[PDB]
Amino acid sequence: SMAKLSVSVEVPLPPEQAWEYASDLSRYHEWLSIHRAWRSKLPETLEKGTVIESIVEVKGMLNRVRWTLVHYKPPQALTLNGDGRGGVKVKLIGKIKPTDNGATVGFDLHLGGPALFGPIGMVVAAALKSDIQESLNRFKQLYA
């Protein structure tokens, strides 16, 4: 078990559209502020077990992360495990749910591994809360 942060946005989009945009990895660089590089070729189709590598920046720190799709259920849920260099271990639970006026796109992000159990974890957690929320706001601005 690990501590976690939670972020969400409501978009004026039906869930199937919100899913299409949220899983369009080729456009993450237009709204995900922490993304810095892809380090493996992006697949045409995602599936449970898909593995992708990227480099992210959080509060000025770079980290190369291997992402594994451990749950994949369009158009409503995905879970991604991340193993970063230096002892970073994260789990990203994504959920897309229909609402009255569109759909919510929210994430629970568990932050762990030795690196984030240590004193830097609350720095990283606070920075990620802001960065991911701002990114979701950009997602909404770009796609809706």
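Numbers follow the displayed sequence, beginning with 1.
Legend: mean Cα B-factor per stretch from the PDB entry, 132 to 140 versus 17 to 25; the higher mean is in 17 to 25. Of the two segments examined, 44 to 52 and 87 to 95, it is 44 to 52 that shows the higher average Cα temperature factor in the deposited entry. Of the candidates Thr104, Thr68, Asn101, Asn63, the PDB record gives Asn101 the highest C-alpha temperature factor. Of the candidates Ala115, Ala77, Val58, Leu80, the PDB record gives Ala77 the highest C-alpha temperature factor.
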